[PDB]
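Below, in structure tokens: the form deposited in one PDB entry, a single chain.
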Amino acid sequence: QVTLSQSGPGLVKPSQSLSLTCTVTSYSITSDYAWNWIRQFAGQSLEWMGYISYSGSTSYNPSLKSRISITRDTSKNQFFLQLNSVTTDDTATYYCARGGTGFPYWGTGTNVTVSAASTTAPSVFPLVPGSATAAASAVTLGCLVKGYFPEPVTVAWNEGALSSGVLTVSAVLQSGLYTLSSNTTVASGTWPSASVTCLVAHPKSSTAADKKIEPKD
């Protein structure tokens, strides 16, 4: 079925204009339906921003009409949203969706932070048991990701192969930088023998880190 994917800057400075792109696949945006932009604020409340129909007609929320513009490119099958004069209040997760009175298809969403601060990459440190763990059966390994801005960071284990037993705590903001930890619990007869690595990605800074978890000795 139809697939939607948002793309755009993860960080924009106040007063600047915000431009997001939604790429649609497996469905022509000229065929039927309304193509919408909806955002979700940090508090999780949702706000419909507007749409562009298959015929090219646009419709905007009242509250944004004066500063918003939605356009499309029928040859690339993409539609766009431009929001002028952004303020810190425009920080939110932006989604494109297909629908009229209901929205059955949503993109994955792209987080946009409006701030004057600069991007700062993660430092990733391994979390290895103090060895003084004579519990055999289960072993818990981890990766500490700290000092980054803005959100978000993606953490995967073994390229994504290891998805069971993964616990990633929520990010925390201190002073002006985020920190997060991801932990994985694996069978004791799997780590000392097999390699475990955490994959950390920080889109804003185009940073991709790889960390091998080496045994304690």
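The first residue of the sequence shown is number 1, and the count goes up from there.
Below, we turn to the form solved in complex with a partner chain, even though it does not appear here.
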Its partner chain: the contacting residue among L64, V155, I70, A34 in the bound PDB entry [heavy atom, 4.5 Å]
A34
So in the bound PDB entry, is its partner chain close enough to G147 to count as touching (4.5 Å, heavy atoms)?
no
Contact label in the bound PDB entry: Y51 to its partner chain, heavy atom within 4.5 Å
yes
Contact of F80 with its partner chain in the bound PDB entry (heavy atom, 4.5 Å):
no
Since only the chain is shown here, I'm wondering whether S75 would be in contact with its partner chain in the bound PDB entry (any heavy atom pair within 4.5 Å).
no
